[PDB]
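# Observations on the model geometry
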Amino acid sequence: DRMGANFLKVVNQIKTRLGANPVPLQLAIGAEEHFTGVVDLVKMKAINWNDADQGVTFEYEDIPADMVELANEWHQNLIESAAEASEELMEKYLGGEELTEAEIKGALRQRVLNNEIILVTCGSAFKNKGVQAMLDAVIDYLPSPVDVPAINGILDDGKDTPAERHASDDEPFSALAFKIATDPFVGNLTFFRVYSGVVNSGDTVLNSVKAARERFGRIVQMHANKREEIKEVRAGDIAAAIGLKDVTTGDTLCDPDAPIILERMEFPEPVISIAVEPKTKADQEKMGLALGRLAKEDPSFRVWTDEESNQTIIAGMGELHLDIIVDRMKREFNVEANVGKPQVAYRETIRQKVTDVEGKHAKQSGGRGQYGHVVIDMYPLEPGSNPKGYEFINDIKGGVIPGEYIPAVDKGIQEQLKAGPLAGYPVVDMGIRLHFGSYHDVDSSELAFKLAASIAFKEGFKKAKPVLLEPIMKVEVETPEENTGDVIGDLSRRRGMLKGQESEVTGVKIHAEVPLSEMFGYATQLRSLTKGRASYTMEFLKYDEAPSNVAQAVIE
Amino acid sequence: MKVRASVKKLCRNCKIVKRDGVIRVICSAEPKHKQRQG
Amino acid sequence: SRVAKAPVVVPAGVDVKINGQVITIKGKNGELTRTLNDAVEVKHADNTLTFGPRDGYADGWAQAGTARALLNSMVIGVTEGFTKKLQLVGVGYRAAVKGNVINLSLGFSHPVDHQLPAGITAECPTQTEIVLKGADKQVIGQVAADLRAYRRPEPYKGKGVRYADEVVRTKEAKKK
Amino acid sequence: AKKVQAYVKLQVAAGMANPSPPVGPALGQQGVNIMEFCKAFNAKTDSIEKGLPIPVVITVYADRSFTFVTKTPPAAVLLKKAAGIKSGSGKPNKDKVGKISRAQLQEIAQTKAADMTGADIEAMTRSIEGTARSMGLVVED
RNA sequence: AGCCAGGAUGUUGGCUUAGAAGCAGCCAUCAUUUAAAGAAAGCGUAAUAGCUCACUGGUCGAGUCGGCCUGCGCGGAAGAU
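Residues numbered from 1 in each chain as written, not as in the entry; some residues may be left out. Chains lettered and ligands numbered in written order. Part of a larger assembly, values for the part shown. Heavy atoms only, no water.

For this deposited structure, the header cites cryo-EM as the method used and 6.5 Å as the resolution.

## A few points about the sheet that holds strand β15 (residues 301-303) of chain A
Residue and element names in this part refer to chain A. Read across the open sheet, the 3 strands follow the order β14-β16-β15; overall the sheet is antiparallel. Pairing within the sheet leaves two strands with one partner each, and these edge strands are β14 (275-276) and β15. Across 2 bridges, β14 lies against strand β16 (residues 312-316) in antiparallel orientation. Across the sheet, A275 pairs through a bridge with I313, a residue of β16. (Pairing = 2+ DSSP bridges. Helix = DSSP H or I, 4+ residues; strand = E, 2+ residues; numbered from the N terminus.)

## A short note on the protein's contact with RNA strand E
Close to RNA strand E lie 43 residues, the nearest being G485(A), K9(D), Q29(D), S87(D) and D120(D). Counting only the atoms of RNA strand E within 4 Å of the protein, the fraction contributed by sugar and phosphate is 74%. Here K9(D) contributes a backbone N or O atom positioned 2.6 Å from a phosphate oxygen of RNA strand E. Note that a sugar or linking oxygen of RNA strand E is positioned 2.5 Å from one of the side-chain N or O atoms of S87(D). Within the residue set of the surface near RNA strand E, elements represented by two or more residues are α11 (485-491) and β24 (497-501) of chain A together with β1 (7-9), α6 (121-124) and α7 (127-135) of chain D. (Near = heavy atom within 4 Å. Polar contact = N/O pair within 3.5 Å; in protein donor to acceptor, adjacent residues only side chain to side chain.)

## Things to note about a positive patch on the surface
All names here are of chain D. A surface patch of positive charge is lined by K91, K94, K96 and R133. In this fold, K91 is placed in the loop between α4 (75-82) and α5 (102-113). For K91, a relative accessible area of 58% corresponds to the exposed category. (Patch = residues over 30% accessible without salt bridge, like charges linked within 9 Å, V, L, I, M, F, W, Y side chains within 5 Å. Areas by Shrake-Rupley, 256 points an atom, 1.4 Å probe, with all protein chains shown as cover. Salt bridge = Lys/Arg side-chain N within 4 Å of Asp/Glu carboxyl O. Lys, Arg positive; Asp, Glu negative; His and termini not counted. Charge placed at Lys NZ, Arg CZ, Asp CG, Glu CD. Buried < 20%, exposed > 50% of the residue type's maximum accessible area, 1.4 Å probe, protein only.)

## Comments concerning the sheet that holds strand β26 (residues 538-545) of chain A
Residue and element names in this part refer to chain A. Judged by pairing direction, the sheet is antiparallel, and its 4 strands sit side by side in the order β24-β25-β23-β26 without closing on themselves. Each having just a single partner strand, β24 and β26 make up the two edges of the open sheet. Averaged over all adjacent pairs, the angle separating strand axes in this sheet is 20 degrees, with direction ignored. Bridge count for strand β23 (residues 469-479) against β26 is 6 bridges, and the pairing is antiparallel. Residue pairing across strands places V475 opposite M538, the latter belonging to β26. (Axes fitted to C-alpha atoms, helices over the stretch in contact; angles between N-to-C directions.)

## Here we look at the nonpolar core
Grouped together as the largest cluster of nonpolar side chains are 28 residues, with contacts concentrated most on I376(A), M378(A), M430(A), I432(A) and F457(A). Apart from the residues within four sequence positions on either side, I432(A) is in contact with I376(A), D377(A), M378(A), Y379(A), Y390(A), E391(A), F392(A), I393(A), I413(A), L417(A) and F457(A). (Core = buried A, V, L, I, M, F, W, Y, C linked by side-chain atoms within 4.5 Å. Contact = heavy atoms within 4.5 Å.)

## Focus on the arrangement of the chains
Ranking by contact count across 2 pairs of chains in contact places chains A and C at the top. Here chain B and chain C are not in contact; the least distance found between their C-alpha atoms is 7 Å. Over all C-alpha pairs, chain C and chain D never come within contact, reaching a minimum spacing of 22 Å.

## Considerations on the side chain of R68(C)
Residues and elements named next belong to chain C. The residue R68 is located in helix α2 (residues 65-77) in this model. Lacking a salt bridge, the buried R68 has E41 as its closest oppositely charged neighbour, with an N-O distance of 7.9 Å. Within the structure, the side chain of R68 is placed 2.9 Å from the backbone oxygen of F51, a separation counted as a polar contact.

## Some points on the environment of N225(A)
Inspection of the secondary structure puts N225(A) in the loop between β11 (220-221) and β12 (228-229). A C-alpha to C-alpha distance of 21 Å links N225(A) and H321(A), two positions 96 residues apart in sequence.

## Comments concerning the interface of chain A and chain C
Chain A puts 4 residues into the contact, and the matching count from chain C is 4 residues. Between chain A and chain C, a total of about 300 Å² is buried, with carbon and sulfur atoms accounting for 44% of that surface. It is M3(A), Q525(A) and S528(A) that lose the most area in chain A upon contact with chain C, and together they represent 62% of the buried surface on that side. If you look at where chain A meets chain C, you find 0 salt bridges. Along the contact surface separating chain A from chain C lie 0 residue pairs in polar contact. Tallied by class, the residues present in the side of chain A that touches chain C amount to 1 nonpolar, 3 polar and no charged. (Buried area = accessible area lost by both parts, 1.4 Å probe. Nonpolar A, V, L, I, M, F, W, Y, C, P; charged D, E, K, R; others polar.)

## Details of the state of the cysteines
Residues and elements named next belong to chain B. Evaluation of the coordinates by the stated rule reveals 1 disulfide over all chains. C11 shares a disulfide with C14; S-S distance 2.0 Å. As far as burial versus exposure is concerned, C11 and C14 are alike and both buried. Of the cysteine sulfurs around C27, a residue in no disulfide, the closest is that of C11, at 3.5 Å. (Disulfide = S-S within 2.5 Å.)

## Regarding the pairing of strand β3 (residues 22-26) of chain C
Residue and element names in this part refer to chain C. Summarising the sheet, strand β2 (residues 18-19) and β3 pair through 2 bridges and their orientation is antiparallel. Looking across to β3, one finds that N19 is bridged to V22. In sequence, β2 turns back onto β3 through a hairpin of 2 residues, with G20 there showing a positive phi of about 70 degrees. As paired elements, β3 and strand β4 (residues 31-35) share 5 bridges and run antiparallel to each other. Counted as the bridge partner of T24 is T33 from β4. Connecting the antiparallel pair β3 and β4 is a turn made up of 4 residues.

## Describing the packing of aromatic side chains
Counted according to the given criterion, the structure contains 7 aromatic pairs over all chains. Between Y346(A) and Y425(A) the ring centres are 5.1 Å apart and the planes differ by 85 degrees, which places this aromatic pair in the edge-to-face class. In this pair, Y346(A) is assigned in the loop between α8 (319-330) and β17 (357-358) and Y425(A) in the loop between α9 (406-418) and β22 (432-436), connecting sequence segments 79 residues apart. According to the relative accessible area criterion, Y346(A) is buried, its value standing at 13%. With relative accessibility at 19%, the residue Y425(A) sits in the buried group. Ring centres of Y405(A) and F449(A) lie 6.0 Å apart, and the angle between their planes is 75 degrees; on these two criteria the pair is classed as edge-to-face. With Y405(A) in the loop between β21 (392-393) and α9 and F449(A) in helix α10 (residues 447-462), this pair connects stretches of sequence that are 44 residues apart. Each member of the pair, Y405(A) as well as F449(A), carries the same accessibility label: buried. Among the aromatic side chains, those forming a connected cluster through ring pairs are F37(D), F66(D) and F68(D). Just above the ring of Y379(A) sits the side chain of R433(A); from NZ or CZ to the centre is 4.3 Å. (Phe/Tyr/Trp six-rings, centres within 6.5 Å; stacked < 30°, edge-to-face > 60°. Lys NZ or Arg CZ within 6 Å of the ring centre and 35° of its normal.)

## Some words on a nonpolar patch on the surface
There is a patch of nonpolar side chains on the surface, built from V131(A), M134(A), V138(A), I139(A) and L142(A) and spanning about 470 Å² of accessible area. Among the structural elements, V138(A) can be located in helix α5 (residues 138-141).

What follows is the structure in structure tokens.
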């Protein structure tokens, strides 16, 4: 009931883009605003709908006079669709035996077990135009659990013997576990569907793929919202297999001494990774355990937790989900989150090299004025193979500072090497040479040279432009059309180190090397480049840098 | 139409015609290159 | 000049009515008259029309340089005509001709149906293509440009009403 | 031969079957099956040891057709195939390394004389001396 | 100044080749044919396909073009019973 809504265009657009074979049945009457009839073509009857009511009439009439010929040229393509479905209707399309409403569906229903044609219907949901029409095809074009191939439990490891079991009540019990939601009443819940067999209330239902024992509690059905306790679950209902101790994605819900499934196909990868941070330090005690009931619900929600910084780095496949699981924490889990950046190796390096920085120390701490005017020379970040991140080349002029006071200057430099003048970014792996160490007697101690060395190191960084040693990820992107030229140009805004442009039968896969420091909102940006039309991989390879030049003014 | 005292022929294909007396300069594809005063 | 080296040849089938300054051209399907300025010296000499700038109005080389281009278009417009097709690229936008009226499916809360004057035989082969036919070169643009000014070419999608030969410059979002 | 429709000479070393991305567009001009230009030239590509850029030209036709002209590799890459390195032009008039006499230049010009009507022997001799001086190469006989 | 009009074609023009493939930028800055073509100006652009400047090669068939000096003119120019 919208402008530009041509029914015959879209069904005949599938034969061009999707490449399928749709033969539609319920056509259109009305110029989309005075629309009143939906043209079912098997029975050749138009249906009247409600003046504006939420559901009164179903009045069937004949084909109206304003579409007496388009019904003619389209019904003859309907009755084609059984002569090339079954071989037996081939000789009565041409011989001229009558192609009734009941005879043609007996061939076309068997054309849904192979799925070469889909059955299309135009109408309105909101204007109550078509919804009462759409239900009768479901019992005649959508398959039943007893008309399909039923539960097929193979074996375990012995031999590949796929066994079609019965769809009736006369089999060992069988179900599957999916849509396993949560609740603050019982904890874990499920939305499971039983394919055949009957269970009573109270059972030792196992999960036979992961070797765990569970007991079957009080099962509850819904109107999608309201608790209705379903005691006796019949073959084919959908309910809540409650009280499972541990349960994974798609394992069996089955009594022992019975057939057994072991099947988990297409385990996904949540791609976009944002790092959640608590508000109070009482929150991390309850945000460390947030992974418990949340990640148990679904495999499209991962947490790539770090090894050092101990922040909680989540992983989603869409930020649109990483919206929601924060909002799931908000009013019911009662969490105040401060969503920030993931743990990228931010090891401050150095662009410029300071010549000499003297730590100014002068204080009568221990009686006499403990001096300590020691000077260090900013040495280039030690490269190649350097296991120790602290490379203090203590160059005492003529071994002047004694061994007792060597730890002093060492400690000061080490303290600021692990710290960072930007946001506490470790200036590690940076070799540092001592220029000259002033030494005394009553004016020589630990603080004497420790405090001095501390300031000296920081002073140097202000005139050494510390940049950022950064990890580089192997980023691949799969995009079908010639819209990747805007992508790889916009990828060139982000130091994506290009490898090559390659193609597939439908996709143009681009190969690049992107800084992990330059991830930020990568997912939401390509999703506005690719329009969300992208399915690709993420790996790691090199390690490079990302521009900072913050020592100039930003760094105090 | 941006206004400034200087009409400088800036774009490579920049027409200049004196409509009403005040000069306004006519590009083809760039709307940014069109001034009006001077 | 170039215009002085440009005389116009009237053919058989279009009659001129030279009452000096006022010329009313009796043509094929209309009457294309222009009451020119007094900076012209007109003479349908033998068959090919010759003109002239009057003294005093020595800037009439311009004022009749309009006229030399003018009447050439008039004798070929009253007979052959102008095809002025417009391309409607709009989401749910249609075009349909009835009598001398054009509909405008233009994304509004109310329909716009404007009546179009004489010198117009409009047509519509489809909802996005619309013919206009006419005799004056002015009137075949003036009624066309009014529609285009109701929905100018949008340079972020290519949305709008646009001419057949006109080629827009659509940009990209580049931020979000 | 033909006119304002299409004429570009671009092909690089024919050991690579898949059209290299920058060459792609000269095959992305008038609607080719890119498998056809892969299957046209490989019947004669097995008479070479690959490694040099061999050139072809493209030229088009009305409906879905096309055509192409096979020649021999140019002497510009033949200068830097014998010299070992493929790129020597860092400073033209300040590098004096590497000699090949005129006798090598004419025997890579007979394969031009047996292939093409331009790029003649004696006229290209100063330009095969001219691609030497820009690369920083010497010549004596 | 416009319509036909080839944009004659050696080459990938390197470097560093991931594309820096005349069209990112530094050194060369020759030209196989010179009645028409430069190892080159922008747009298309990761690169190029598309579209031109280059000579207008063929038509119009006469004047035309870019700056220097002065006579004056326009814009610049918005204020408070």
